[PDB]
Amino acid sequence: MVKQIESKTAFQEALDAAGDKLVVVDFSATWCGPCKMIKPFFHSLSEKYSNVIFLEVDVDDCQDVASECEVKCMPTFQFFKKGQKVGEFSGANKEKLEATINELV
């Protein structure tokens, strides 16, 4: 349901392969409690919204992607359409996360 991105090549190829589908990216880290908090809910969205692609990026695994995508906070959710960033927020905010998906899809 949630596909783990483990290189910048994989990241770029996921955005390409998404076509016109919304892509939602959870940028997370293991020292991040709230990131761990919200992981089950992020999984739930990926089971509820099968019309949307859900990716996880661990900032330590993927420092290049984190840096290139201008991530500064943990967790950060970023939203893409056709390879372009259309939204982003920080924090383990479940309502904000689903309310953003619903604005964008």
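Numbering starts at 1 and runs along the sequence shown. Worth knowing before you read on, the calculation uses all heavy atoms, side chains too, and leaves out hydrogens, waters and symmetry mates.
- Between the side chain of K81 and the main chain of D20, a donor-acceptor pair closer than 3.5 Å is present.
- Note that CE of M1 is 8.0 Å distant from OG of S50, once rounded to the nearest 0.5 Å.
- Residues satisfying the ring pair (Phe, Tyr, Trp, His ring centres under 6.0 Å) criterion with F77, sequence neighbours excluded, are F42, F89.
- Placement of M74 and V57 within a single hydrophobic cluster is found when ILVMFWY residues are connected by side-chain heavy-atom separations under 4.5 Å, directly or transitively.
- When hydrophobic clusters are built by joining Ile, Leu, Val, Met, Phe, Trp and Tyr residues whose side-chain heavy atoms come closer than 4.5 Å, directly or via intermediates, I53 is not grouped with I38.
- Contact detail for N51 and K21: the closest heavy-atom pair is O-CD, 4.0 Å.
- Not counting sequence neighbours, the partners of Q84 by the side chain to side chain contact (heavy atoms under 4.5 Å, CB included) test are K82.
- Checked by atom type and distance alone, the side chain of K85 never pairs as donor or acceptor with a backbone atom of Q78 at under 3.5 Å.
- Here the closest heavy-atom approach between residue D60 and residue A29 is recorded as OD2-CB, 4.4 Å.
- Once rounded to the nearest 0.5 Å, the distance linking NZ of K3 with OG of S46 reads 7.5 Å.
- Summarising the geometry of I5 relative to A10, their closest heavy-atom pair is CD1-O, 4.0 Å, with the distance given to 0.1 Å.
- Counting heavy atoms from C-beta outward, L22 and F79 have side chains that approach closer than 4.5 Å.
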N/O donor-acceptor pairs under 3.5 Å from side chains in residues 91-105, not counting sequence neighbours:
{"residue": "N93", "atom": "OD1", "partner": "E95", "partner atom": "N", "Å": "3.3"}
{"residue": "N93", "atom": "OD1", "partner": "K96", "partner atom": "N", "Å": "2.9"}
{"residue": "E98", "atom": "OE2", "partner": "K48", "partner atom": "NZ", "Å": "2.7"}
{"residue": "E98", "atom": "OE2", "partner": "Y49", "partner atom": "OH", "Å": "2.7"}
{"residue": "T100", "atom": "OG1", "partner": "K96", "partner atom": "O", "Å": "2.7"}
{"residue": "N102", "atom": "OD1", "partner": "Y49", "partner atom": "OH", "Å": "3.4"}
{"residue": "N102", "atom": "ND2", "partner": "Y49", "partner atom": "OH", "Å": "3.4"}
{"residue": "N102", "atom": "ND2", "partner": "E98", "partner atom": "O", "Å": "2.9"}

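- Each of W31 and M37 belongs to its own hydrophobic cluster when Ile, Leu, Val, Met, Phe, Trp and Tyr are linked at side-chain heavy-atom distances under 4.5 angstrom.
- By the criterion of side-chain heavy atoms lying less than 4.5 angstrom apart, applied directly or through intervening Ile, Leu, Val, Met, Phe, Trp or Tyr residues, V23 is grouped together with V59 in one hydrophobic cluster.
- With respect to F80, the side chain to side chain contact (heavy atoms under 4.5 Å, CB included) criterion is satisfied by exactly one of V25, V86, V24: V25.
- Contact of the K39 side chain with the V2 side chain is not registered, since no non-hydrogen atoms from C-beta on lie closer than 4.5 Å.
- Shortest non-hydrogen contact noted between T30 and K36 is O-NZ, 3.1 Å.
- Taking 4.5 Å as the limit, some side-chain heavy atom of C62 sits within range of a side-chain heavy atom of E6.
- Interatomic distance, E56 CD to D61 CG, rounded to the nearest 0.5 Å: 8.0 Å.
- Here the closest non-hydrogen pair linking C35 and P75 is SG-N, 3.5 Å.
- One finds the CD atom of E88 at 8.5 Å from the SG atom of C73 (value rounded to the nearest 0.5 Å).
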